[PDB]
Amino acid sequence: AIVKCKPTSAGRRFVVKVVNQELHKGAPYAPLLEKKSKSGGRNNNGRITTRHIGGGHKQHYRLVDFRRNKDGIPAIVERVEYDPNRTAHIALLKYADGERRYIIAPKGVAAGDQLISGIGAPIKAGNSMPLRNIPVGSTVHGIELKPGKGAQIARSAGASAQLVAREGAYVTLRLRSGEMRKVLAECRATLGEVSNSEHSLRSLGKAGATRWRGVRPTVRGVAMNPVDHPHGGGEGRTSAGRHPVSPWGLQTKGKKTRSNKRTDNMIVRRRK
Amino acid sequence: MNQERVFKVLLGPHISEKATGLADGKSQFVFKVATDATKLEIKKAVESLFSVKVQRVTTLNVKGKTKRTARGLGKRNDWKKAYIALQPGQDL
Amino acid sequence: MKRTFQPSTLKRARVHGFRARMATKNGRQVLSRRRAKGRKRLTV
RNA sequence: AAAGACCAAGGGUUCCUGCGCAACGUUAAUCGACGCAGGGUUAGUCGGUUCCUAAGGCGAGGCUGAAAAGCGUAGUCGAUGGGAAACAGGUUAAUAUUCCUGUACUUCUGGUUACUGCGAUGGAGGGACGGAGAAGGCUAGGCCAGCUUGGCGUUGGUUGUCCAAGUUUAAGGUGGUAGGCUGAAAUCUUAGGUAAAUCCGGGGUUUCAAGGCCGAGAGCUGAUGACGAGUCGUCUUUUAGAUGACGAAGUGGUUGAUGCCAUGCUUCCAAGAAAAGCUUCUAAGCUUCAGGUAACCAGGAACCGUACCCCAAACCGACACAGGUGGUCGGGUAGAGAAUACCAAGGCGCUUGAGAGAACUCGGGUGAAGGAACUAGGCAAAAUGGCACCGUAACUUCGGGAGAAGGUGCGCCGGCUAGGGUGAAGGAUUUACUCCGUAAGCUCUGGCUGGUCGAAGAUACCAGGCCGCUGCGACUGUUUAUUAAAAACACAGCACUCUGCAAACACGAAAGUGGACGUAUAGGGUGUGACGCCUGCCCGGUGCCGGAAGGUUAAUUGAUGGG
Ligand SMILES: [Mg+2]
Ligand SMILES: [Mg+2]
Ligand SMILES: [Mg+2]
Ligand SMILES: [Mg+2]
Ligand SMILES: [Mg+2]
Ligand SMILES: [Mg+2]
Ligand SMILES: [Mg+2]
Ligand SMILES: [Mg+2]
Ligand SMILES: [Mg+2]
Ligand SMILES: [Mg+2]
Ligand SMILES: [Mg+2]
Ligand SMILES: [Mg+2]
Ligand SMILES: [Mg+2]
Ligand SMILES: [Mg+2]
Ligand SMILES: [Mg+2]
Ligand SMILES: [Mg+2]
Ligand SMILES: [Mg+2]
Ligand SMILES: [Mg+2]
Ligand SMILES: [Mg+2]
Ligand SMILES: [Mg+2]
Ligand SMILES: [Mg+2]
Ligand SMILES: [Mg+2]
Ligand SMILES: [Mg+2]
Ligand SMILES: [Mg+2]
Ligand SMILES: [Mg+2]
Ligand SMILES: [Mg+2]
Ligand SMILES: [Mg+2]
Ligand SMILES: [Mg+2]
Ligand SMILES: [Mg+2]
Ligand SMILES: [Mg+2]
Ligand SMILES: [Mg+2]
Ligand SMILES: [Mg+2]
Ligand SMILES: [Mg+2]
Ligand SMILES: [Mg+2]
Ligand SMILES: [Mg+2]
Ligand SMILES: [Mg+2]
Ligand SMILES: [Mg+2]
Ligand SMILES: [Mg+2]
Ligand SMILES: [Mg+2]
Ligand SMILES: [Mg+2]
């Protein structure tokens with residue numbers, strides 16, 4: 001489902017698109033939609049605070065059910081949809097009581113599949129259960145950190161985590177970052193991989209496609225004047241002239257920035 | 001209107017050429033009215049006074065003219081005009 | 001050639017009118033200053 | 001395709017009439033957007049207000065902050081969006097979808113009658129929406145013919161296959177069409193819709209398949225009306241302003257929108273407002289009540305704007321300033337066309353003229369012979385230019401290059417000839433806004449030949465110059481508003497690095513907010529800059545990362561000594 005475009009024009013050369021024909025061709029589920037107005041990555045104060053954000057497409061937010069807390073009641077997937085809010089696909093579960101919900105679609109999940117969450121959920125790659133009921137060695141996604149807070153960890157397209165160890169009240173997961181982390185065994189997770197794993201194979205072909213996604217251009221620091229950037233200045237084209245730093249002076253080649261002593265006990269082994 | 005307001009609504013007939021032509025041809029009479037006189041208060045006032053039957057009242061506000069003269073820009077008062085149409089027999 | 005003044009009475013009111021000035025403390029200071037000088041016009 | 005007519009913004013009386021000309025008007029002025037005075041703007045349906053919300057604002061308490069305040073919950077505002085309804089004709093010096101005539105529509109209030117479970121701040125539905133493309137169906141508008149009225153042409157001809165003008169008519173009602181969407185009904189039950197639900201959602205049976213929703217437009221009616229050149233009153237009044245009765249024809253064909261069906265359909269990816277009005281369901285309450293429903297009668301629809309200019313002399317530019325100013329309408333012939341030329345409806349000749357016809361300047365026309373010798377440089381100019389057809393190189397990422405290059409034809413009038421569309425007949429479904437089909441007539445596209453005029457037929461306007469080598473940047477894009485458009489910036493792609501979520505990072509004394517209602521295929525920073533082949537050696541310096549045996553080392557503590 002990776003399609004390379006023919007070079008019928010400049011800007012179409014090097015366009016590689018993910019075209020999923022199994023996605024829903026109609027409208028999303030209206031009761032689960034919600035207004036989502038854009039910021040230009042701008043603050044409470046009206047200040048930017050996050051550069052390169054602006055001018056994408058209008059998007060409805062989809063109310064994705066991250067706390068799959070309808071334990072016991074089975075569901076039918078019955079649809080997989082496109083979500084503009086995330087790189088993963090979403091599936092519209094229809095529960096046995098008729099309630100409809102949106103969840104992150106797992107890898108092999110198609111319309112008509114049966115998903116269930118709870119303690120006694122069968123071990124198949126769409127189901128959700130607390131991490132203590134997940135056998136060691138399973139591949140999981142959408143892992144809670146706080147019981148009841150909802151899925152937080154493995155959520156983007158193709159994301160997954162590996163359950164490597166299980167102590168008393170904690171479970172050790174291997175994140176796709178390579179970090180070994182401790183998670184409460186009471187926290188819920190969904191078995192399997194997240195869908196749309198081929199999303200990384202796509203290539204935008206042109207400057208416009210990045211603008212379609214709401215990303216404004218990045219200007220290099222060496223292209224500026226010294227008043228704007230630490231890398232600015234120089235007659236002719238020059239390098240940074242100093243150890244590379246952010247526009248606010250923080251070194252950006254190495255120079256670890258993690259300063260969270262509160263959560264340090266949850267990190268077994270650290271990788272990024 | 002349920003008081004002595006009846007006497008403070010109509011300020012007097014309008015004495016234009018358009019007014020007299022309207023009085024003759026149609027049965028409409030142009031009055032000067034208070035600027036806060038509603039169309040219902042004008043109809044009631046012209047019925048209590050003048051002892052006639054009013055068919056329809058239409059009103060318009062008239063901007064006072066400025067006349068920038070003699071050390072400054074003056075201004076005449078804004079005033080309201082009512083076109084009052086009666087039954088054909090009545091002449092007010 | 002488009003010039004700097006592009007009149008809009010609604011924008012003029014919302015940026016410089018009496019209620020815009022009375023909404024803040026520095027705006028109330030402008031009205032105090034303009035009353036103390038004796039300006040015939042107070043706001044626009 | 002405006003230099004015409006409008007809507008908005010902005011302005012504010014500049015609008016019209018009488019009087020007037022000092023100043024204002026780049027001259028004069030009897031004239032005026034100028035002076036004095038008077039007049040002029042009429043709404044249930046237009047636009048506001050009112051209802052509803054977007055971004056955003058303010059924000060009871062609240063949280064935070066030396067103070068001033070900041071942020072924000074409940075709320076409350078905030079259109080550029082959503083939400084009831086009106087058209088034609090007449091009329092003023094100046095208003096008209098507002099006044100008058102005619103015909104409508106919407107929504108409220110009161111009362112009477114008859115029947116009846118009504119009730120939200122809640123549930124559900126609905127409202128309710130993207131880009132592009134297509135092929136239909138209409139309509140406005142255009143043209144032609146017929147008809148009516150008038151004419152018979154200062155000069156050859158013109159009683160005719162002649163000329164001119166007109167040939168109009170809305171909303172609404174009826175109609176449910178082209179066409180679009182969706183299976184419908186009964187019954188039983190139910191982990192859902194924060195509580196309840198008879199509504200919605202889910203589940204199980206039985207029956208029938210045709211029920212429902214939407215929907216341009218046609219026809220009929222509206223309309224015996226209105227309008228209509230003109231005729232007869234002629235008071236007049238010359239310039240023919242008005243003056244009040246009558247008033248002919250008012251029909252077919254074709255073409256046809258960028259308007260409507262259409263918020264439809266197809267397709268794509270970048271995945272496409274909200275809320276209310278509206279329908280429906282119940283909760284608290286209310287139970288002869290109230291309330292609801294339907295019919296009839298009666299009455300109402302308040303307030304504000306409305307003049308006038310609005311590609312402009314009335315707005316933004318100090319000016320009656322060659323600039324700028326959002327949206328709508330936009331006829332004819334030619335034309336692909338909203339280009340262009342000439343015209344229409346309308347509107348103008350741009351507020352100093354009159355001469356003369358020197359140099360020189362500006363903007364053009366033509367030019368002997370030569371043809372880039374000019375010049376820093378072919379700057380400028382000249383040239384090319386349309387359609388159909390033939391033909392077209394290296395190189396290539398296979399798309400291109402390419403309109404490569406280059407060439408042929410082109411007007412007008414006949415002869416023959418091939419097909420679109422529409423279309424009375426007739427036939428069918430002789431069910432009806434039905435289908436098939438149709439002679440003539442209109443209309444569109446061709447083919448083959450012949451003749452003919454001119455120097456010249458893409459005859460005007462309009463309308464690519466082209467080729468070869470090489471540097472730079474891959475490309476479309478962006479930029480020094482006002483001497484720089486580039487090789488600069490961006491860019492897709494690449495890589496390094498940070499970041500485990502109360503993320504890094506950023507703005508904030510803070511609360512909080514962005515990142516993100518995202519979660520390592522993610523987010524930030526840095527550098528490089530499509531693609532192809534690649535990207536070598538150096539860790540001494542500086543930075544960063546990791547380690548911690550040793551040395552040194554802060555506040556602190558205060559042994560000991562000396563007073
Ligand atoms: Mg980048
Ligand atoms: Mg850059
Ligand atoms: Mg620079
Ligand atoms: Mg610096
Ligand atoms: Mg250098
Ligand atoms: Mg009236
Ligand atoms: Mg009014
Ligand atoms: Mg104009
Ligand atoms: Mg004046
Ligand atoms: Mg005038
Ligand atoms: Mg003068
Ligand atoms: Mg005047
Ligand atoms: Mg606030
Ligand atoms: Mg307070
Ligand atoms: Mg409001
Ligand atoms: Mg609006
Ligand atoms: Mg007018
Ligand atoms: Mg609701
Ligand atoms: Mg569209
Ligand atoms: Mg003759
Ligand atoms: Mg049909
Ligand atoms: Mg007007
Ligand atoms: Mg100027
Ligand atoms: Mg002038
Ligand atoms: Mg001008
Ligand atoms: Mg413009
Ligand atoms: Mg033109
Ligand atoms: Mg020559
Ligand atoms: Mg020659
Ligand atoms: Mg030559
Ligand atoms: Mg030379
Ligand atoms: Mg020379
Ligand atoms: Mg040149
Ligand atoms: Mg030229
Ligand atoms: Mg020449
Ligand atoms: Mg060179
Ligand atoms: Mg370039
Ligand atoms: Mg410049
Ligand atoms: Mg330039
Ligand atoms: Mg570079």
Side-chain angles (χ1 to χ4, degrees), chain A residues 6-14 17 28 35-37 39 41-45 47-51 53 56-61 70 72-73 82-87 94-100 145 152-159 175-177 179 181 196-197 199-200 203-210 212-213 217-223 231 239-240 243-248 250-258 260 262-263 266-267 272, chain B residues 16-18 21-22 26 28 38-40 58-63 65-66 81-83 85, chain C residues 1-9 23 25:
Chain A
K6 286 176 164 186
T8 88
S9 71
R12 280 304 269 198
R13 185 175 256 131
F14 314 118
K17 29 164 74 170
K35 177 175 101 59
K36 204 191 64 60
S37 165
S39 78
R42 260 119 171 126
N43 208 13
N44 230 14
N45 305 130
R47 301 285 184 75
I48 274 168
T49 77
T50 306
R51 307 177 311 163
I53 302 186
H57 202 293
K58 177 181 269 149
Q59 291 161 332
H60 290 315
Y61 180 71
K70 256 183 102 63
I73 301 109
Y82 173 89
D83 203 339
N85 302 290
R86 54 190 36 87
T87 57
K94 195 184 62 51
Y95 282 85
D97 43 39
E99 154 143 20
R100 262 157 210 97
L145 290 181
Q152 269 191 298
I153 293 304
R155 293 165 29 153
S156 83
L175 307 184
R176 265 212 60 124
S177 97
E179 148 167 335
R181 201 213 155 74
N196 208 25
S197 84
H199 150 85
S200 52
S203 162
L204 326 182
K206 54 158 175 181
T210 288
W212 296 341
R213 286 162 171 83
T218 304
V219 181
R220 295 135 49 232
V222 292
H231 298 178
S239 202
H243 304 304
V245 287
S246 67
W248 306 278
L250 157 82
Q251 210 277 118
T252 65
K253 299 287 179 181
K255 195 34 191 322
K256 293 160 156 120
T257 59
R258 175 194 171 76
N260 211 277
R262 169 185 44 101
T263 58
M266 293 303 153
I267 287 101
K272 291 286 96 174
Chain B
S16 51
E17 322 68 59
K18 193 185 162 160
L22 256 168
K26 296 166 206 178
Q28 320 214 352
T38 69
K39 261 135 76 156
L40 176 66
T58 60
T59 43
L60 60 102
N61 286 288
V62 201
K63 267 186 217 160
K65 292 181 203 144
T66 39
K81 145 193 322 173
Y83 288 92
Chain C
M1 269 151 309
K2 197 222 280 233
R3 296 299 168 187
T4 66
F5 187 50
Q6 298 317 316
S8 153
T9 88
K25 211 142 163 283

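So you know, we letter chains A, B, ... as the sequences are listed, proteins then strands, and number each from 1.
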> What's the CZ-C1' distance between A:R176 and D:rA522, to the nearest Å?
Replying inline: 11 Å
> Nearest to the side chain of C:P7 - D:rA43, D:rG10, D:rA502?
Replying inline: D:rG10
> Sugar at D:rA460: north or south, per the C1'-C2'-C3'-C4' sign?
Replying inline: north
> Hey, does the base of D:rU101 sit stacked on D:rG102, as in ring centres below 5.5 Å and plane angle below 30°?
Replying inline: yes
> Between neighbours D:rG173 and D:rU174, do the six-membered base rings sit under 5.5 Å apart with planes under 30 degrees?
Replying inline: yes
> Using purine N1 to pyrimidine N3 plus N6-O4 or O6-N4 for Watson-Crick, or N1-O2 and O6-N3 for G-U wobble, both under 3.5 Å, which nucleotide pairs with D:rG12?
Replying inline: none
>> Determine whether a donor-acceptor pair (one donor, one acceptor, N or O, separation below 3.5 Å) exists between the side chain of A:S177 and the base of D:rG500.
In response: yes
>> Quick check on D:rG454: syn or anti? Syn means the glycosidic torsion is within 90 degrees of zero.
In response: anti
>> Once rounded to the nearest 0.5 Å, what's the spacing between atom CD of B:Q28 and atom OG1 of B:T58?
In response: 6.5 Å
>> Counting the atoms with a prime plus P, OP1 and OP2 as sugar-phosphate, which does A:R86 contact under 4.0 Å by heavy atoms, base, sugar-phosphate, or nothing?
In response: sugar-phosphate
>> Can you identify which nucleotide, out of D:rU13, D:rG500, D:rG317, has its nearest atom closest to the B:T66 side chain?
In response: D:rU13
> Is it true that a side-chain atom of A:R100 and a backbone atom of A:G98 form a donor plus acceptor pair closer than 3.5 Å?
Replying inline: yes
> Should D:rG399 be called syn or anti, with syn set as within 90° of 0?
Replying inline: syn
> Which nucleotide in the set D:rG201, D:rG500, D:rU42 lies at the smallest distance from any side-chain heavy atom of A:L175?
Replying inline: D:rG500
> Across all strands shown, which nucleotide pairs with D:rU168 by Watson-Crick or G-U wobble geometry, both distances under 3.5 Å?
Replying inline: D:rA226
> Where the side chain of A:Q152 is defined as all heavy atoms beyond and including C-beta, which of D:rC99, D:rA502, D:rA69 is the nearest nucleotide?
Replying inline: D:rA502
>> Considering every strand and a 4.0 Å limit on heavy-atom distances, what is the contact class for A:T210: base, sugar-phosphate, or nothing?
In response: sugar-phosphate
>> Ignoring hydrogens and geometry beyond distance, is the side chain of B:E17 in donor-acceptor contact with the base of D:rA93 at under 3.5 Å?
In response: yes
> Any donor-acceptor pair under 3.5 Å linking the side chain of B:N61 with the backbone of B:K81?
Replying inline: no
> Hey, is D:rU169 sitting syn or anti, using the within-90° cutoff around 0?
Replying inline: anti
> Looking at the side chain of B:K81, which of D:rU41, D:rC501, D:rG518 is the nearest nucleotide?
Replying inline: D:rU41
> Does the D:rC105 / D:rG44 combination count as a Watson-Crick or G-U wobble pair, both distances under 3.5 Å?
Replying inline: yes
> Any chance the bases of neighbours D:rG175 and D:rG176 are stacked, by the 5.5 Å centre and 30° plane criterion?
Replying inline: no
> Measuring from A:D83:CG to A:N196:CG, what's the distance to the nearest 0.5 Å?
Replying inline: 11.0 Å
>> When you measure from the side chain of A:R258 to the backbone of A:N260, do you find a donor-acceptor pair of N or O atoms at a distance under 3.5 Å?
In response: yes
> Counting any heavy atom closer than 4.0 Å, what does B:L40 reach on the DNA or RNA strands: base, sugar-phosphate only, or nothing?
Replying inline: nothing
> Per the atom types in the model, does the base of D:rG39 pair as donor or acceptor with the side chain of B:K65 at under 3.5 Å?
Replying inline: yes
>> Between A:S156 and D:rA520, is there a contact of a side-chain N or O with OP1 or OP2 at under 4.0 Å?
In response: yes
> So, do D:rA509 and D:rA510 stack if we ask for centres under 5.5 Å and planes under 30°?
Replying inline: no
> Judged by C1'-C2'-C3'-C4' (positive north, negative south), is the sugar of D:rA313 north or south?
Replying inline: south
> Taking the side chain of A:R47 as its heavy atoms from C-beta onward, which of D:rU519, D:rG192, D:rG508 lies nearest to it?
Replying inline: D:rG508
>> Base, sugar-phosphate or nothing for A:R12? Non-hydrogen atoms, less than 4.0 Å.
In response: nothing
> Which heavy atom of A:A96 sits nearest a heavy atom of A:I73, and at what distance?
Replying inline: N-CG2, 3.5 Å
>> I want to confirm an ordering. Mapping A:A96 and A:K256 to their closest nucleotides on RNA chain D, which one lands closer to the 5' end?
In response: A:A96
>> Taking donor-acceptor contacts at under 3.5 Å, does the side chain of B:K18 reach the base of D:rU95?
In response: yes
>> At 4.0 Å (heavy atoms only), tell me whether A:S203 reaches a base, stays on the sugar-phosphate, or touches nothing.
In response: sugar-phosphate
> Taking for each residue the nucleotide of RNA chain D with the nearest heavy atom, is it A:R155 or A:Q251 whose nucleotide lies nearer the 5' end?
Replying inline: A:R155
> Does some side-chain heavy atom of A:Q251 sit less than 4.5 Å from a side-chain heavy atom of A:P244?
Replying inline: yes
>> Could you check whether D:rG558 and D:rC46 make a Watson-Crick or G-U wobble pair, counting it only if both donor-acceptor distances come in under 3.5 Å?
In response: no
> To the nearest angstrom, how far is A:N44 atom CG from D:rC63 atom P?
Replying inline: 19 Å
> If pairing requires Watson-Crick or G-U wobble contacts with both distances under 3.5 Å, which nucleotide is the partner of D:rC505?
Replying inline: D:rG514
> Where does D:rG241 fall, syn or anti, if syn means a chi angle no more than 90° from 0?
Replying inline: syn
>> Rounded to the nearest 0.5 Å, what separates atom NZ in A:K17 from atom OG in A:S203?
In response: 12.0 Å
> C1'-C2'-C3'-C4' for D:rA191: north (positive) or south (negative)?
Replying inline: south
> What is the distance from NZ of C:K2 to P of D:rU325, rounded to the nearest Å?
Replying inline: 9 Å
> When rounded to the nearest 0.5 angstrom, what distance separates NZ in A:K94 from CG in A:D97?
Replying inline: 8.5 Å
> Across all strands shown, which nucleotide pairs with D:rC489 by Watson-Crick or G-U wobble geometry, both distances under 3.5 Å?
Replying inline: D:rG477
>> Nearest to the side chain of A:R181, heavy atoms from C-beta on, is which of D:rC501, D:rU13, D:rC304?
In response: D:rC501
> Does D:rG500 pair with anything, Watson-Crick or G-U wobble, both distances under 3.5 Å, and if so, with which nucleotide?
Replying inline: none
>> So D:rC87 and D:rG102, Watson-Crick or G-U wobble pair with both distances under 3.5 Å, or not?
In response: yes
> What is the glycosidic conformation of D:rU103: syn, defined as within 90° of 0, or anti?
Replying inline: anti
> If pairing requires Watson-Crick or G-U wobble contacts with both distances under 3.5 Å, which nucleotide is the partner of D:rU452?
Replying inline: D:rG411
> In B/S/- notation, 5' to 3', how is nucleotides 270-277 of chain D contacted by protein heavy atoms closer than 4.0 Å?
Replying inline: BBBSS---
> So what's D:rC319 paired with, Watson-Crick or G-U wobble, going by both distances under 3.5 Å?
Replying inline: none
> Do A:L145 and A:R181 come close enough that some side-chain heavy atom pair is under 4.5 Å?
Replying inline: yes
> Which is true for A:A159 with a 4.0 Å heavy-atom rule: it touches a base, it touches only sugar-phosphate, or it touches nothing?
Replying inline: sugar-phosphate
> If pairing requires Watson-Crick or G-U wobble contacts with both distances under 3.5 Å, which nucleotide is the partner of D:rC531?
Replying inline: none
> Rounded to the nearest Å, what distance is computed from the CE atom of residue C:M1 to the P atom of nucleotide D:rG324?
Replying inline: 8 Å
> What nucleic acid atoms does A:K272 come within less than 4.0 Å of, heavy atoms only: base, sugar-phosphate, or nothing?
Replying inline: base
>> Walk along nucleotides 525-537 of chain D from 5' to 3' and tag each nucleotide B, S or - by protein heavy-atom contact under 4.0 Å, base first, then sugar-phosphate.
In response: BBSSBBS------
